[PDB]
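**Student:** Here is my input; please provide its structure:
(chains A, B, C, D, E, F and G, ligands or ions: 3)
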Amino acid sequence: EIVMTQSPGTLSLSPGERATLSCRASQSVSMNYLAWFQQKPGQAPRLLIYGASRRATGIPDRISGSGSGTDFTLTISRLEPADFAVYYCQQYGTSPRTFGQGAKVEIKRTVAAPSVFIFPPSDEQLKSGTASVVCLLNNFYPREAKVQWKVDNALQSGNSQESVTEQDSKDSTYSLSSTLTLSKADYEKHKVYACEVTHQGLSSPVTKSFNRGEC
Amino acid sequence: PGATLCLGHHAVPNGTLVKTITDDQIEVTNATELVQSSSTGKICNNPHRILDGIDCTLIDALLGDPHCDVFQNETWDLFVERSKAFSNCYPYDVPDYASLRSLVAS
Amino acid sequence: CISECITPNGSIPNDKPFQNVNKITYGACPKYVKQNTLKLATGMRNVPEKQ
Amino acid sequence: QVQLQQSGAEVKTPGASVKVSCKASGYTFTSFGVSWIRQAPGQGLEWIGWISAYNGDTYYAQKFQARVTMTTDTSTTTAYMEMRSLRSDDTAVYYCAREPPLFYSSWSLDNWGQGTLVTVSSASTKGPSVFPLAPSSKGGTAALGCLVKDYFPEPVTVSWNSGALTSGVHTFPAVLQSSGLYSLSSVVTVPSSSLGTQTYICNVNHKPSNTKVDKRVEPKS
Amino acid sequence: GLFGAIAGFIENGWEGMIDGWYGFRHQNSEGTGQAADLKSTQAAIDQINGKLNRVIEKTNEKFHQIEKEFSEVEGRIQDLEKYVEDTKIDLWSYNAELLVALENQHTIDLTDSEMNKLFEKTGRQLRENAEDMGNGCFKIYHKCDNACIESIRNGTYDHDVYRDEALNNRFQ
Amino acid sequence: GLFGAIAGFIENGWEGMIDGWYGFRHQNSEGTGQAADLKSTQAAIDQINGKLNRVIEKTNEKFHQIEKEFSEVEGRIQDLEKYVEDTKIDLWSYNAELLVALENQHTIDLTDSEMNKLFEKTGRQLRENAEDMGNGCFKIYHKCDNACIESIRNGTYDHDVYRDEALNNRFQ
Amino acid sequence: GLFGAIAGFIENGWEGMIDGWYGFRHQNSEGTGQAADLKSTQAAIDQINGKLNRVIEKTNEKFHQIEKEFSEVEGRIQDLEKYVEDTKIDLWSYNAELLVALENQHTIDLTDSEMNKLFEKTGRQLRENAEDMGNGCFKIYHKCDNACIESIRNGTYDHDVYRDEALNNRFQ
Ligand SMILES: *[C@@H]1O[C@H](CO)[C@@H](O[C@@H]2O[C@H](CO)[C@@H](O[C@@H]3O[C@H](CO[C@H]4O[C@H](CO)[C@@H](O)[C@H](O)[C@@H]4O)[C@@H](O)[C@H](O)[C@@H]3O)[C@H](O)[C@H]2NC(C)=O)[C@H](O)[C@H]1NC(C)=O
Ligand SMILES: *[C@@H]1O[C@H](CO[C@@H]2O[C@@H](C)[C@@H](O)[C@@H](O)[C@@H]2O)[C@@H](O[C@@H]2O[C@H](CO)[C@@H](O[C@@H]3O[C@H](CO)[C@@H](O)[C@H](O)[C@@H]3O)[C@H](O)[C@H]2NC(C)=O)[C@H](O)[C@H]1NC(C)=O
Ligand SMILES: *[C@@H]1O[C@H](CO)[C@@H](O[C@@H]2O[C@H](CO)[C@@H](O)[C@H](O)[C@H]2NC(C)=O)[C@H](O)[C@H]1NC(C)=O
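**Tutor:** Numbering: from 1, shown residues only, chains lettered A, B, ... in the order given. Ligands and ions are numbered 1, 2, ... in the order given. Now the structure:
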């Protein structure tokens, strides 16, 4: 089957600049039937371009497709806040129809450091046998951040999951939550709990901690 | 074996009815209206200079009726004369009123 | 607001060639006609799919 | 307005079946085809297949050839997609999109349904437990929140002060734990000063489990 | 129409062709497909646009106007004012009605024409390797894969290549 | 005409066809005959009627009229009355003349068209079993009795049945 | 055009045909040549002349005229005189613009038509001894010397004479 390859997977650009997205196909796309779709979070894809250069109705002149054969490009001439979204290409030339994976355009911003907070487990939750420690990184940029957990200064692995928000409407920042999960036993077994955040906007790594059973 | 190549045109679910030489009502895919049938209901104050004459008739503002005094040295592209208008000054009459009003309004 | 064509009913847009609003006008204004609708066909004859 | 209306979210255990519906309106239904496309959470688009509401033709991706059958019903102007022998990786959002009436045509997927989420899990329904994330400052700006843990299936609603609190709030996407239950945290940033005066209540609503819960957050010294 | 193609020997329209005014549907060994034809679609569109602009251009009437409404009955002069305005309005109404009619008849005939031209063009390309079925479809008497179909749609189709196969298939 | 069928490649009209506008004359083993074709005759008639009604509909002018005749010379106002009426009359005369011309040219072209369409239709039906003689007559290369002729006139003619006989007769 | 012959399937015009509007270029064993076709050239010319005369005939306006210029401002009556004249002038300007447009569109379509008719006529004459190349040229499948070419140009060409040679050349 035909292999659609989009690059690069993420673009950071500022509104008013021009975005250029690449789609290469493992082999020649028959008829140059290649479409571009746009998907915002939570919504369904929209058809942007078909036939590789042709705009689906209700679409601006600023969004335009180009290219042929193996090599295709989607261009956006003036970026408006509604254009920041994920873009997919697909080749409908043959069966099976195939999509590239997820080129995402996002808002370039002044680097901004995360505000870090650390929350101990609720006693109520301890009642039920499990301890959850939460580390919150608030309103930063860019999205890349490293959250490392330390228990009695032991670097943890495998016991924490993390979730990230979507670039904020107003300040164009991200937030992130790391959650460490323990059996009550293992929890009360140690004392110092710490969360060490490395980010592009911190001259050096910030650590936020507590000691279990303190005030 | 062989193959079949078929020529065709497009269509829409609900078309529009138009008039032709030979048909009073016939359905095409799309049409546009050539008669402006509607108004916003209000007179736009650009580009033309619109002088709202309020309770004054242009002749009253000509003559200097007191409550019309706001109009001295006024200019206009379109002078809008209202129905609520009236004269509070010494009563008068203007032979060929229409034409005086006309040449002044001009 | 901005409208080049003024009638006593208020302003009307002059994009169209004809207007049914008022025979009294001021400014560049469509020619006044008695008809309230005239449709100009911008597409071919519509022949819906049989089924 | 060329609308494609898709059926409700489904929850199925492995081995089961699912049949999803798409009700088309605003165009002549037998003049087009319909194509089914799925997207797993935080993943790309995968084309399942195509069917002509016109001549009844059918094209399936080799992958789904076996487990999937597509149908259409002309009197209801409705397209259906049935998947059999479900595994858990079949969990995704399923979209139904309008396509040309013939396969090797020249345009593609011009109108999209809202999509319907099919969740394949052996986990039985459960409501969320809600614990506080309590603020403490080392006279500044402080953070607090709610940990909504161990529920199923998605979604969950979360609000603050019954909607009265918005600015500064972040509700993170759910994460799916090993147990098979989801969890997520909601978080607010507020002035430390208002900490001692104003009350903070988080309202969590889990529709599928028929659960509505309200918790509050205080430091406790 | 005048050329009897649209609502003519062409049975009906394809509502599922959203990418053009005119096009080809095909059937061959590989399957069946539907593709628009840009050149003719644009021919028709360009004509209709030109027409439209010709109609909505610089049509605005600008000069000083007489009094078109009167409060009190007068006599001669006003009777005349009214008469002038009524005459004017009637003439303009007539002009409008006629314009719309001629224009529309023409628009229909012209689109019909485009369809028919695209058809005659296709046939002439196919030369002796196909027959005109009469519904606006050609029977192609040789095996034609997708590449070949495209070659007909894009004008580069070389009939001499398939002539022998086709003739052999037609005449025995 | 525009299509060059009537007073075109069709030599002349048949005054002895009193039952229609268009038709077929045939010659075969059984004899010769002349029959009208209702579908096209009615196509043309319907169009021309529609046209006629469009022209004679709601064309009456109704509003209060000024004085159009004068006994004694006066001056300005009357000179103006006369001028208005003369202008009106000239514009309307022009409208009438033009209308009649456009309309008539069209009527002729449209009838021509109908003839030509009926002809192309017949040919397309005959497929490969006949040749176009150039005068508006087809040579049918197989034996065609009255039933068969009728089958062509009524649209149900199946060419595949006579194809072999006809081809055999054309090419040797 | 409407028939898509001129600026149609006919690639371009021949500036070196100074002796006619339409014609034939030929290539045969003897050489190549270019000759006008009088009948159709005159058809078109006669039509366009008729049209021209219809347009420039008896178009002059003759009746007593009001005062169309004024030195001093007056009032009602003059405002009315001006209004009448402006209305008149606008209506006539419109009539002129429309006339020219309709007329011209028609002239173009009609000439296109003549070309196409001459073409269809030629083809029908050639019968089965030639094929339509699609650019407005016929391939003649038998040896045709200058006399024969002329026989096609002057309408006396007898296809039955060359039928065997031609068919033999086309189908093997
Ligand atoms: C069926 O009918 C519709 C009208 O009833 C057609 O819509 C029109 O299509 C034409 C040709 O494409 C457009 O003309 C273009 O105008 C743009 C810019 O125009 C500006 O104003 C329009 C109208 O309000 C607005 O839509 C634009 O955004 C602009 O603000 C030019 O840049 C182009 O060069 C071109 O001339 C008309 O604008 C458009 N009208 C409307 C109301 O949309 C429709 O296309 C018809 N359907 C088909 C497929 O034939
Ligand atoms: C009109 O039609 C023909 C065929 O069209 C084509 O088939 C379709 C299904 C699509 O897949 C089209 O992309 C494909 O072109 C066109 O002729 C084609 O031209 C292209 C580009 O020059 C050829 O590509 C070449 O392929 C060879 C090997 O096959 C390579 O070595 C070359 O590097 C080169 O890329 C293509 O082969 C050729 N198709 C065939 C089968 O002959 C034509 O270009 C098209 N349009 C016009 C207006 O010319
Ligand atoms: C614009 O205003 C005029 C009146 O100022 C409207 O014309 C009147 O319409 C009513 C209802 O049809 C009639 O009874 C009157 O006799 C009309 N008056 C005159 C003098 O014609 C007209 O309808 C308005 N146009 C729009 C569209 O708002």
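**Student:** use CA for all of it now, contacts and neighbours both
**Tutor:** Will do.
**Student:** Assign the closest residue to ligand 3 within chain D to helix, strand or coil.
**Tutor:** Here chain D gets closest to ligand 3 at one residue, residue D:1, 29.4 Å apart by C-alpha to the nearest ligand atom. Under DSSP: H, G, I helix; E, B strand; the rest coil, residue D:1 falls in the coil class.
**Student:** Contact partners for the nearest residue in space to it that is not next to it in sequence?
**Tutor:** Spatially, and ignoring its direct neighbours in sequence, residue D:1 is nearest to residue D:26 (5.2 Å; C-alpha to C-alpha, 6 or more residues apart in numbering or on different chains). Residue D:26 sits next to D:1-3 when contact means C-alpha atoms under 8 Å, 6 or more residues apart in numbering or on different chains.
**Student:** What is the neighbour count of the residue of chain D closest to ligand 3?
**Tutor:** Neighbour count for residue D:1, taken as other C-alpha atoms under 10 Å in any protein chain shown: 6.
**Student:** surely it meets residue D:25?
**Tutor:** Yes - the pair residue D:1 / residue D:25 is scored as a contact, 7.4 Å apart, by C-alpha atoms under 8 Å.
**Student:** Around chain D, which positions in chain B sit nearby?
**Tutor:** Residues of chain B lying close to chain D by C-alpha under 8 Å from any C-alpha of the partner chain are residue B:13.
**Student:** at 10 Å instead, please
**Tutor:** Counting by C-alpha under 10 Å from any C-alpha of the partner chain, the positions of chain B adjacent to chain D are B:12-14.
**Student:** so which of these comes closest to residue E:34?
**Tutor:** Closest approach to residue E:34 among those (C-alpha to C-alpha): residue B:12, at 16.4 Å.
**Student:** quick one: that closest one and residue E:12 touch, right?
**Tutor:** No - counting by C-alpha atoms under 10 Å, residue B:12 stays clear of residue E:12, with 11.1 Å between them.
**Student:** returning to what we had before: which of the residues of chain B next to chain D has the most neighbours?
**Tutor:** Comparing those by number of neighbours (other C-alpha under 10 Å), residue B:12 comes first, having 22 neighbours.
**Student:** can you pull the contacts of it?
**Tutor:** Going by C-alpha atoms under 10 Å, 6 or more residues apart in numbering or on different chains, residue B:12 touches B:28-30, C:45-49, D:27-28, E:13-18.
**Student:** Throw together a PyMOL command that grabs the buried residues out of the residues you listed.
**Tutor:** With 16 or more other C-alpha atoms under 10 Å in any protein chain shown as the criterion, this PyMOL line picks the buried residues out of these:
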select buried, (chain B and resi 28+29+30) or (chain C and resi 45+46+47+48+49) or (chain D and resi 27+28) or (chain E and resi 13+14+15+16+17+18)
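**Student:** restrict the contacts of residue B:12 to contacts with chain A.
**Tutor:** Answer for the contacts of residue B:12 near chain A (C-alpha under 10 Å from any C-alpha): residue E:18.
**Student:** mind listing which of the contacts of residue B:12 are in strands?
**Tutor:** Among these, the residues falling in strands (DSSP state E) are residue B:28.
**Student:** joint contacts of residue B:12 and residue E:12?
**Tutor:** Shared contacts of residue B:12 and residue E:12 (C-alpha under 10 Å, 6+ apart): C:46-49.
**Student:** closest to ligand 2 among the residues you listed?
**Tutor:** residue C:49 (28.0 Å).
**Student:** can you pull out the helices in chain A?
**Tutor:** For chain A, the helices defined by DSSP state H occupy A:123-127, A:184-189.
**Student:** so what does the last one touch, helix or strand wise?
**Tutor:** Where contact means 3 or more C-alpha pairs under 10 Å, 6 or more residues apart in numbering or on different chains; DSSP states H and E, helix A:184-189 is packed against helix A:123-127, strand A:130-140, strand A:174-183.
**Student:** now it, how far from the chain's geometric center?
**Tutor:** With C-alpha atoms, centre = their mean, to the nearest Å as the basis, helix A:184-189 stands 34 Å off its chain's centre.
**Student:** Which positions within it qualify as buried?
**Tutor:** For helix A:184-189, a neighbour-count test (16+ other C-alpha under 10 Å) marks A:184, A:187 as buried.
**Student:** ok, what's across the strand from the most centrally placed residue in chain D?
**Tutor:** Nearest residue to the geometric centre of chain D (C-alpha atoms, centre = their mean): residue D:117, 4.9 Å. Residues in a beta bridge with residue D:117, per DSSP bridges, are residue D:93.
**Student:** Correct me if wrong: it contacts residue D:11.
**Tutor:** Yes - Residue D:117 is within contact range of residue D:11, at 8.3 Å (criterion: C-alpha under 10 Å).
**Student:** Need the residues touching each of those two.
**Tutor:** The contact sets of residue D:117 and residue D:11 overlap at D:91, D:154 (C-alpha under 10 Å, 6+ apart).
**Student:** what about whichever residue of chain B sits closest to chain D, distance to residue C:49?
**Tutor:** Closest residue of chain B to chain D, C-alpha to the nearest C-alpha: residue B:13 (6.2 Å). Distance of residue B:13 to residue C:49, computed by C-alpha to C-alpha, to the nearest Å: 9 Å.
**Student:** Common neighbours of those two, please.
**Tutor:** Counting by C-alpha under 10 Å, 6+ apart, the contacts common to residue B:13 and residue C:49 are D:28, D:31, E:15.
**Student:** Go ahead and flag the most central residue of chain C.
**Tutor:** Most central in chain C (C-alpha atoms, centre = their mean) works out to residue C:16, at 4.3 Å.
**Student:** Can you verify my assumption that that one contacts residue B:36?
**Tutor:** Yes - the pair residue C:16 and residue B:36 passes the contact test of C-alpha under 10 Å, sitting 6.2 Å apart.
**Student:** what's the overlap in contacts for these two?
**Tutor:** C:30-31.
**Student:** In contact with the nearest residue in space to residue B:65 that is not next to it in sequence: list those residues for me.
**Tutor:** Excluding its sequence neighbours, the residue lying closest to residue B:65 (C-alpha to C-alpha, 6+ apart) is residue B:89, at 5.4 Å. By C-alpha under 10 Å, 6+ apart, residue B:89 lies in contact with B:60, B:63-68.
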